[PDB]
C-alpha cells in the first residue's frame, strides 16, 4: 500500500500539491481556479497531428502543472516528488463501486488501442453531427475507463474531446453539463454497461462549428 500513500500528505487524504495546501476543500477550489484559466489558453492551441497518449499527457500537464508536481505523468509510472518519496497507483476503483478503471499494464494497452482507432478513423473527421457525437462518446468512454492519471482525468479527457472536435469540425461544449449529469453518464457506461446516457450527452453538447 506504500507507493499509493506517497501521493498524499502524511496522515491526510489530501493530494500533495505545489500550493502546499493541506485542506482538501481549499485544494479543490484553488486547483479548479487554475485549471479553468489554463483551459482558456489551451483552447487556442492548434490541433495536433496525432491525438495520442502523448497529447493527452500534454493536456494534463497544461491544465495541472501549477497544481501537481506529477502533471503530465500517468499513474502506472513511478513518480518521485521533490520531497524524495516515490508514488504509483496502478489500481483505482471508485469508492462504493465494483468495476475498476484500467489496472496497471491495461492503462497503456487501452491508450494504444484508442490511438489506433483514432488513426483509423482519421480523428473523426468527415462526419455528420450525429456520426461525430456517436463516435466521440465511444472515444470519451475509452478515455474515462483508462483513467490514466492519479487525478484530473475528467478535466483532461473533456479537453481532449474539445480539441478533437475542433480538429474534426464540431464544437464540443461542456459548459452547461453539471457534475451530476456527467457522473451519471460515466457510471452508467463503466459500472453498468449502459452507454445510452453518454450517447445522449454527446448529442447534447456537440454543435456545428461557427
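Positions refer to the first chain, counted from 1.
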item: 59-67 versus 44-52 - greater average Cα B-factor per the deposited record; value: 44-52
item: Stretch with the greater mean C-alpha B-factor as recorded in the entry, comparing 180-188 against 25-33; value: 25-33
item: Peak C-alpha temperature factor (PDB record), options 73, 95, 109, 88; value: 95
item: B-factor third for the C-alpha atom of residue 80 within its chain; value: middle
item: Modelled-residue ranking by C-alpha temperature factor, third containing residue 136; value: middle
item: Ranked C-alpha temperature factor of residue 114 among modelled chain residues, by third; value: middle
